Every structure is written in structure tokens, then in C-alpha cells.
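Asks:
Protein chains: 2
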Amino acid sequence: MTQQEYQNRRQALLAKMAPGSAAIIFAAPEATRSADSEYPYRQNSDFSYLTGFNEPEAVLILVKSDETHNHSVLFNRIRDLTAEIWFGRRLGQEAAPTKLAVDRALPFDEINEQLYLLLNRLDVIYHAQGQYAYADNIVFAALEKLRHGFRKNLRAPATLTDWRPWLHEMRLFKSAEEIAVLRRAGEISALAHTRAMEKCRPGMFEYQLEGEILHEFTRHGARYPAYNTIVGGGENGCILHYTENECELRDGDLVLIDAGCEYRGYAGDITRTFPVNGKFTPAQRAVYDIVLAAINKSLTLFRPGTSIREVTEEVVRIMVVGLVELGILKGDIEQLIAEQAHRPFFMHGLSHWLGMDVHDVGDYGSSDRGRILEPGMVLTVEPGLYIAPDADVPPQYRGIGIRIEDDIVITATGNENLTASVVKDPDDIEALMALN
Amino acid sequence: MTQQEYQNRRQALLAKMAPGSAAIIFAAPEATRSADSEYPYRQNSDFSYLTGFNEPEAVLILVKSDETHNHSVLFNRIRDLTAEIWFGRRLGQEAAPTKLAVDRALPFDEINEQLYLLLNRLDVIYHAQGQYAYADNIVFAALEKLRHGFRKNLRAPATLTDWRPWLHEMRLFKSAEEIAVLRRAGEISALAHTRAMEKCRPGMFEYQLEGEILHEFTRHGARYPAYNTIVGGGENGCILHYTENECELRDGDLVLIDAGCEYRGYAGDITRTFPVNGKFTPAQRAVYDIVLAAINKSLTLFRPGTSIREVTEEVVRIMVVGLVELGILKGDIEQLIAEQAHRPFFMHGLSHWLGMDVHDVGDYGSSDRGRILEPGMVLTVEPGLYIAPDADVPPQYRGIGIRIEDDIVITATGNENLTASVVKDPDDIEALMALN
Ligand SMILES: [Mg+2]
Ligand SMILES: [Mg+2]
Ligand SMILES: [Mg+2]
Ligand SMILES: [Mg+2]
């Protein structure tokens, strides 16, 4: 992101703040994987949003004096020749003001000696309480020094307000620079999904297909997935977060792959389901066709002024009609709709926000997701049907899990589909898989 | 591992324990990556060593009545249809006695209502204090219930003893079944390194070579690396834990790759350094030959009765002589050795234990690693030289980072090299890369 993008975001947050206030935003702690080995570092999304700085042990403070004056202070790791030979290069205090466009930079290891002085006699501090223990302890120890420091003329701000609601509502609306990154994440994720369809063969293991996907992400500079990849063959595709990926892929089964890269801090999220052996059986194609009808209806409908709730009603109708046709449900369509009889087979939401997190921040309005869509929102569109191996249905449909998922951007006139470059028509899938 | 292997390990720990005691071994917590997404779960090594069970929220209790009577209890997650449709299959309580060879299994969420009853009237509890907050919490709440329950005729064990010294000394000596796993980890890791040499070209990014290696691991059923891969081209090879892997590989630089798979819970750990363009420059070759003479000599020397300390002494002499002969150091050999003049260029250990962790558990004896070696010990052999870009040395050597690392098992008379199947001779490297 450009300097101006990050400064715009900081200034937008500052605009919400009161005079005589400071917002404090913390980096993610490091995560142990085992003993002294750590997982590859993933910076806190909100901290990244404001800085693009991917070091741990860093804290940004935005201090608002009045409506025309504010300044910033960063705490971050010191330059140190020895830790740097060992553990890698660090930004340090000297370079940080110009690199990160902050006014002052201080060593993180002095944070407890310095932060309280920064917050002294402010009115409000903005902090994300409960997010990280280490951050809470720092902020709370600072406030207690101030409460106990009357003799030193110290005073604690009396109010602590969460900045998450404000910053998350910002993150809900993507800028052009963010859309461009999400476009590329979607294209990388699509290329990976095409590759999996091209490489899949009976006898391969689910984890071998995951390996194809992850290798594709890495070629294009997305080293890490945005979430643990699901490669669910046969009955495994009926488990929504199946990530064991430990089974042989069987001739005659479908495989459901839900995979998306993290590309410069933004997520793709694609699901495609396809026959392991390259030919849908009749029962597979029939369930597939309902899911495809659902996604295509959804893609036609998503636009400014509708909502996830409203498009979901149209999907449910399609599902109920189709399930009655297959004998999976029985009875009157409207009654079955009122009874939400699709729920044993479609048990999750149609769409979630997408962004720096795969389940992105932002207010859906309520648990039914009636928020009115507007340009710049980015969301998934992910209908599915999962018919358990022991479902009380005609036996030919048992053990079929299908989901089809694309990522879209709401535009002025409708939506842009960022992931349509990997096929979803079942004949197209079969043709693609026949080339190989 | 076979059921018998886990039994052998459990009985070996029980053999150390006092009559009237229980050992408590906890699973790892899950690790957040971002917001509601988690990193791929990594079981705690010691818990895995005793169980092979890869679920969080699991606790093993080994209770010793006397020298001929013991029993076990597992706490683990319950079977739950809905959480399992969403999040994956769980073992549950009914299946656990057979699957994990425990006498009894109880729900994890009842642990605080159950554990104190298991520890009542024992004399000693074995617990790894400080390892995990959640575990300390559970154990110490159980103890407090017992201390405060004299009205219910409860009694707390008066002694808490760490089992880590014992269990880590067990892990230091590998069984046949473990060596056979480490062999395959070494082989998979070597195949990946060979592939990196075959694929490397100028203009490829460091992360792209990493992608090659990780794909190879996954092909063979090692989904995850044992640690974050280092691909350090040019000056990046001089940073020991360089994992940014973000630079173009340049014509005329070496690249240092340190990578190893995690295969069925055990780590490989190989380092190879090679020219990006397939031909060592004279200075690259001269430095490389010092490191190669160091690893070759170490491989001849490691055997029962010596120590990492003692072999390291020989390595240092090789290095100092080598560096003096090139003009990189200046002075008398023994003087320089006594002055530890090699340290700016070789600043880490020659060897670390290897097992379920890359930096495996086990007592080194002293900071200089004088532990006398015995059959069954598994260790790396990893000399290196790292000539800083601003080093005060003849300038053709600046910016060269070379490490060569194999994994060995100490045997009755010497050692077996698990990773010699990837080349290290510099002419074998050039020939291999020329074929490509
Ligand atoms: Mg999704
Ligand atoms: Mg998805
Ligand atoms: Mg290594
Ligand atoms: Mg090593």
C-alpha cells in the first residue's frame, strides 16, 4: 500500500477520536509451534492495516491533541547486531519515522517506562480490550501508574473506548489499492484451483492435492494460505472444516477443495467440488446442479441495495425445490421453506465478508446479515449441499458434499467476480479434467 | 508408532515414578493465526511421544500404585455431532480406551470436577510446571481442592516433581521404530534438497525455491516442515535464521538452504549451500572446502565415547587453519584458537540433538556440550562459515554464508548418516546442476 493509503487510514481513525486522546494498536504476539520453534509470523490485521509493518514487539500510538493536531509514536524492536546475525534484520528507531511515517520511535523494551507518560492526563484512550493478554497488561499497568501517581501530578484517563468498531467499519469498505490486491489474491487462488483439477487422479492422497495448491500459491508470491486448506474426498467433503486431508482420493467420489492464498495480507477464498475421476455420476451431477443454480442466481443478484439475507431467500428456494425433485425432501415447497427443511443439508451462511481476514471484520447488522450492500464491500458467495453418509435419503445421494464458492466486490452496478477464472460449470470441469 | 512402542514408553516412565504417584501430561493449546483462524495444530511433543494423539484438550494421567500395579486415565473432547460436522471428527470417550490403550477416558470439560479425585491421597504428582498456563491452572486447582477438603477426607500429594528431566532423557535415546521414522524423514528431506539444486536458476525468488522443497515434502506424506525453511541467497546466507525468503536469487551468489520435513512427528534437518548459477567462484569454492573438510572430519569422528565438545575442537582447528591460509584470519594458529578468532565466522554450535523437535530435548551436560555420546543418540552435524559483507577480510570473501548439515545416528561403532543421499562435494553439486 502506498504511504498515502496508510496515512489516510490513520487520519480517518484520528477523525473519530476526541481531542485529548490516544489510540493504541498492538502487534501480534509470536506463536510457538513446538519448544523453541515458532510458526511463521502473522502480523495483527488491524496493526498491518495502519502500518504495513510486519515485526512483532511493536506498538503504534496515535495521539490527538485537537482537530488539527495529532502525532504518532511507535515502540518497536531495537537494532542489535547479534540478534540480527541470528534472527534477521530489524527496522529500529532511527529508520522508523521515515519508513513508517511516524513522528517518533522508541524501543519496545522501554514501553512500560514510557507509555504511562504518553497517556498522562489524556481524557480517553482507545484500546482493543481482551484481544491480547500482553497488550492488556501493558495498557492496564500504565493506567494504574497514572491512578497511583497523584503526588507526581499524574492522572489517568477515565475512559477506555474500543477502536475496533470504527476500524472494522473502515476495513469493511475496500479502497482501490485494496481491491487490486484482492484481485490478485483471487487470481492466484483460481490458478491453484485449476491446477488441482488438472492434477487430480484416483489414488492420489488429499494432502497431495493440497501440495499442488500450496506450491501454486508460493510461485506467485503468496507463501501462506489464508486458512488451512480443505481437501475433502467422498464422505470427508460432508465435514465443513475437514483439514486432516489424510485419505486416498477414490475413483467414484467427489473431492471438495476450499483453498485461498494470503497475498500481501489479503485473503482469497475459493471452493470448487469436482469428481476425482473426471466424470460426475448422475447423483453427483444432480446435487451439483442445484448448488450451481444457487451460486449463479446469487451472482446475478448481489448488488448495492440488496443484502445477504435477501439473496439467501432465493438460494433457499432453489435448494428446497431441487431437493424435493431428488426425493431428499418431500412435501409442499412453501411449507418446507417455512420449516427451513434445507437446514440439514445447507447449514451455514451464503456469504461472509472478505479482506485481511478470511472471515473479515465488519458489522453484518444482525445474525441474519440484513446489512444493506454498498460499493466496496467484498464478500464470498458459497452455497453448498452436504448429504451425510447416514442421511435419511435415497441411498444414491449419501456421502455427497458439494460447495461452490467465489469472491466478489460490490460495484456501483452489481458486482465484480474476482474468482470466475476457475471453471464451475460441470461440463467445463469435465472438459478441463479430460485434457489431463 | 505401534501400540507396543507407546506401551514401552509409558512403562519406562512409570518405572521411574514412586509408588503412590501420578504423572500428568497435557496436549498443546491451539494457536491462533488471525482472528478466528488457527494455525495447523501441532501436538505437544511429549504428549505425542506418549500417545500419538493429535487432538487439543486432551490430558494423559499415568497412575502408579506400586511396582507391579498402574493404570491410566485420558481426558479428551467428547463426541458431538454438530462440532464434528463443522470442525472434524473426534475420538471421544467410548473409542479411546482401545485406540490409545488407556484404562478409562473422561470428558475434558469435566476435568476440574474429576482430576482432584484421581490425585487424592497420592504422595507425588509429576507435572511440567510453567509449560502451559492452562495446565498449571488445572493442576494447581485440583491440588487446592484436595488441600481444602480434609472435611471430605481428601488429602493432597505433598510433592510436585518435574517429569521433563526423565522423559527428555528417554527421548534422547531412539528406539528402532524411531530410527526407521528418522531415516525416512532424512530421505524425504534429502530428496527435497536435491530438487532445489535441480530447480534453482538465477532470477528465481528465494520463496520459489522454498515452494519446491515444501511440495516435495508433501508428495511423500510430510505435510509440514519441522521448522521454517531458510533460503538465504548472497548476503542473506550470512543471517542464520533468515526466513523472509523474499529476494531474487542472483547470478554469482551462493544460496544456503536449511530445510527439513516433519514426518510422522519426527524432524529432518539438512543444510546445503550451492551456487545459484551452478558454478562456484574460486572464493566461494575455497570457503566451501573448509566447511566440507569440517563436516567430513566430524562424520569420521562421531562415535560412542566422544562428545560434541571434543569434535568441535577439531572443527575449529580445521577452520582456523583454512581461514589463515586464505588470509581471512592473520596470525599463529594456536594463538588464534586460544583467542577464539573463528567466532566472528562460525558463531553457533556444531551439533544439536534431533528428534520430535528439531532442536531436540536431552541434556548436553554443559554449555560446551560435553555429553558423552552413546548408541541411539541422534544429532545434526552442521559446520558453517559466515563472512559478513563488511568483514575486514580480503574483499572477494565478503558476503559468503556457507553451512553444510547432515543428520546422524550414533551406532555401536560409529554413526549412520541419514542424509548423505543429497550431494555435498562441490564438483558433485556442479555436475548435478549442469544436468539441469
Ligand atoms: Mg468462505
Ligand atoms: Mg471457503
Ligand atoms: Mg538446520
Ligand atoms: Mg540443525
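So the sequences go chain by chain: B and A. Number 219 in PDB author numbering belongs to position 219 of the first sequence; there are no gaps in the numbering. Number 25 in PDB author numbering belongs to position 25 of the second sequence; there are no gaps in the numbering. Note that the Cβ used here is the ideal one computed from N, Cα and C, for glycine as well.
(1) May I have all residues whose beta carbon comes closer than 6 angstroms to any heavy atom of ligand 4, sorted in chain order?
(2) Helix, strand or coil for A/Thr273? Go by DSSP, reduced to three states.
(3) Cβ closer than 8 angstroms: which chain A residues qualify as neighbours of B/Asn120?
(4) Using a Cβ cut-off of 9 angstroms, which residues of the region 206 to 217 of chain B contact any Cβ in chain A, in chain order?
(5) What three-state label does DSSP hand B/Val255 in the structure shown?
(6) Within 9 angstroms (strictly less), CB to CB, does B/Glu244 reach chain A?
(7) Thinking A/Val378 and A/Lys174 are a contact (beta carbons under 8 angstroms), I'd like their distance in whole angstroms, please.
(8) Just the C-alpha distance for B/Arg309 and B/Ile85, rounded to the nearest angstrom, thanks.
(9) Could you check whether the Cβ of B/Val358 sits closer than 8 angstroms to any heavy atom belonging to ligand 1?
(10) Look at the alpha carbon of A/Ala15 and the alpha carbon of A/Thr161, and state the distance between them as a whole number of angstroms.
(11) CB of B/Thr419 to nearest heavy atom of ligand 1: below 8 angstroms?
(12) Mind the definition here: the region 261 to 280 of chain A touches the region 322 to 341 of chain A only if three or more C-beta pairs lie below 8 angstroms; say whether that holds.
(13) Which residues, taken in chain order from the region 291 to 325 of chain A, show a beta carbon closer than 8 angstroms to some beta carbon of chain B?
(14) Could you tell me which chain B residues have their CB closer than 8 angstroms to the CB of A/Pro40, listed as they occur along the chain?
(15) B/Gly260: beta carbon under 8 angstroms from a heavy atom of ligand 2?
(16) Quick one: is B/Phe87 near chain A, going by C-beta distance under 9 angstroms?
(17) Looking at the unbroken alpha helix (DSSP H) that takes in A/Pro426, where does it start and where does it end?
(18) Under 8 angstroms: does the beta carbon of B/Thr51 sit that close to some heavy atom of ligand 1?
(19) Pull up the distance between the alpha-carbon of B/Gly20 and that of B/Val124, whole angstroms please.
(20) Using CA atoms only, rank isn't needed, just tell me which of A/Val423, A/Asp407, A/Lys424 is closest to A/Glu416.
(21) When every heavy atom of ligand 2 is checked, does at least one fall within less than 8 angstroms of the C-beta of B/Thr271?
(22) Please list the terminal residues of the continuous alpha helix (DSSP H) segment that includes B/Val59.
(23) Under 9 angstroms between C-beta atoms, does B/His359 make it to chain A?
(24) Within its chain, find whatever has a CB closer than 8 angstroms to the CB of residue 489 of chain B; leave out the 5 residues flanking it on each side and keep chain order.
(25) Per DSSP, which one or two residues make a beta bridge with A/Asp406?
(26) In whole angstroms, what separates the C-alpha of residue 471 of chain B from that of A/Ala156?
(27) Does the Cβ-Cβ distance between B/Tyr6 and B/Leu74 come in under 9 angstroms?
(28) Excluding the 5 residues preceding and the 5 following A/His352 in the sequence, name in chain order all residues of the same chain whose CB lies nearer than 6 angstroms to its CB.
(29) Give the range of the alpha helix (DSSP H) segment to which A/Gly92 is assigned.
(30) By alpha-carbon positions, which one of B/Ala95, B/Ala12, B/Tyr386 ends up nearest to B/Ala286?
(31) Roughly how many whole angstroms lie between the Cα atoms of B/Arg171 and B/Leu354?
(32) Across the region 23 to 39 of chain A and the region 357 to 372 of chain B, are there enough close Cβ pairs to call them in contact, namely three or more that are closer than 8 angstroms?
(33) From the DSSP output, in three-state form, read off A/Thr161 for me.
(34) Strictly below 9 angstroms CB to CB, what residues from chain B border A/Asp363?
(35) Rounded to a whole number of angstroms, what is the C-alpha to C-alpha distance between A/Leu13 and A/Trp166?
(36) Evaluate contact between the region 200 to 210 of chain A and the region 393 to 402 of chain A, counting only Cβ atoms and requiring at least three cross-stretch pairs below 8 angstroms.
Replies: On the basis of the supplied data:
(1) A/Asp269, A/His352, A/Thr380, A/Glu382, A/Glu405
(2) Here the question's residue 273 of chain A lines up with position 273 in the second sequence. Here A/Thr273 sits in strand by DSSP.
(3) The residue you call residue 120 of chain B lines up with position 120 of the first sequence. Near B/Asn120 there are no residues of chain A at all, since even the closest Cβ is about 32 angstroms away, more than 8 angstroms.
(4) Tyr207, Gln208, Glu210, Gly211, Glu212, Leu214, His215, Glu216, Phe217
(5) The sequence position of residue 255 of chain B within the first sequence is 255, counting from 1. Reduced to three states, the DSSP call for B/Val255 is strand.
(6) The residue labelled residue 244 of chain B in the question sits at position 244 within the first sequence. At least one chain A Cβ lies under 9 angstroms of B/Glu244.
(7) Taking the first residue of the second sequence as 1, we reach residue 378 of chain A at position 378. Taking the first residue of the second sequence as 1, we reach residue 174 of chain A at position 174. So it is a contact: roughly 5 angstroms between Cβ atoms.
(8) For the purposes of this step, residue 309 of chain B is taken as residue 309 along the first sequence, with counting starting at 1. For the purposes of this step, residue 85 of chain B is taken as residue 85 along the first sequence, with counting starting at 1. Roughly 54 angstroms separates the two Cα atoms.
(9) If you number the first sequence from 1, residue 358 of chain B lands on position 358. Yes, the beta carbon of B/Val358 sits closer than 8 angstroms to at least one heavy atom of ligand 1.
(10) Residue numbering aside, residue 15 of chain A sits at position 15 when the second sequence is read from its first letter. Residue numbering aside, residue 161 of chain A sits at position 161 when the second sequence is read from its first letter. C-alpha separation (whole angstroms): 15 angstroms.
(11) Taking the first residue of the first sequence as 1, we reach residue 419 of chain B at position 419. No; taking the cut-off as 8 angstroms, the Cβ of B/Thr419 has no heavy atom of ligand 1 nearer than that.
(12) no
(13) none
(14) Numbered from its first residue, the second sequence carries residue 40 of chain A at position 40. Those are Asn228, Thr243, listed as they occur along chain B.
(15) What you label residue 260 of chain B is simply residue 260 of the first sequence in a count that begins at 1. Under cutoff, so the answer is yes.
(16) Locating residue 87 of chain B in the first sequence gives position 87, counting from the first residue. At least one chain A Cβ lies under 9 angstroms of B/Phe87.
(17) Here residue 426 of chain A refers to the residue found at position 426 of the second sequence. 426 to 434 is the span of the alpha helix (DSSP H), which, as asked, contains A/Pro426.
(18) Taking the first residue of the first sequence as position 1, residue 51 of chain B is located at position 51. For ligand 1, not one heavy atom lies less than 8 angstroms from the Cβ of B/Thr51.
(19) Indexing the first sequence from 1 puts residue 20 of chain B at position 20. Indexing the first sequence from 1 puts residue 124 of chain B at position 124. Using only the alpha carbons, I get a separation of about 7 angstroms.
(20) Here residue 416 of chain A corresponds to residue number 416 of the second sequence, with the count starting at 1. Checked all of A/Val423, A/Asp407, A/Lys424; the closest Cα to A/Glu416 is A/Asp407.
(21) As a working mapping, residue 271 of chain B is identified with position 271 in the first sequence. B/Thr271 Cβ: within cutoff of ligand 2.
(22) For this step, residue 59 of chain B is matched to residue 59 along the first sequence. Counting along the chain, B/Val59 falls outside any alpha helix (DSSP H), though it belongs to the beta strand (DSSP E) covering 59 to 66.
(23) Residue mapping note: residue 359 of chain B aligns to position 359 of the first sequence, counting from 1. Chain A contact via Cβ: present.
(24) Outside the shown range of chain B (1 to 436) lies residue 489 of chain B, about which nothing can therefore be said.
(25) Reading the second sequence from its first residue, position 406 is the one you call residue 406 of chain A. Answer is A/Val381.
(26) Residue 471 of chain B cannot be examined here, being either before or after the span of chain B that is shown, 1 to 436.
(27) Sequence index remark: in the first sequence, residue 6 of chain B carries index 6 (1-based). Sequence index remark: in the first sequence, residue 74 of chain B carries index 74 (1-based). Cβ atoms of B/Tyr6 and B/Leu74: not closer than 9 angstroms.
(28) What you label residue 352 of chain A is simply residue 352 of the second sequence in a count that begins at 1. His359, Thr380, listed in sequence order.
(29) Here the question's residue 92 of chain A lines up with position 92 in the second sequence. Looking at the DSSP string, the run of the alpha helix (DSSP H) that includes A/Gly92 is 92 to 100.
(30) Translated into positions along the first sequence, residue 286 of chain B becomes position 286. Closest option to B/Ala286, Cα to Cα, is B/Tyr386.
(31) Counting from one through the first sequence, the residue named residue 171 of chain B turns up at place 171. Counting from one through the first sequence, the residue named residue 354 of chain B turns up at place 354. Straight-line Cα distance between these residues: approximately 10 angstroms.
(32) yes
(33) To locate residue 161 of chain A, count along the second sequence from 1; it is residue 161. The answer is strand: DSSP assigns A/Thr161 an E or B state.
(34) Along the second sequence, one-based indexing puts residue 363 of chain A at 363. Within chain B, no residue comes near A/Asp363; the closest Cβ sits about 15 angstroms away, beyond 9 angstroms.
(35) Position 13 of the second sequence, counted from the start, is the residue given in the question as residue 13 of chain A. Position 166 of the second sequence, counted from the start, is the residue given in the question as residue 166 of chain A. Each residue's Cα considered, the two are about 7 angstroms apart.
(36) no
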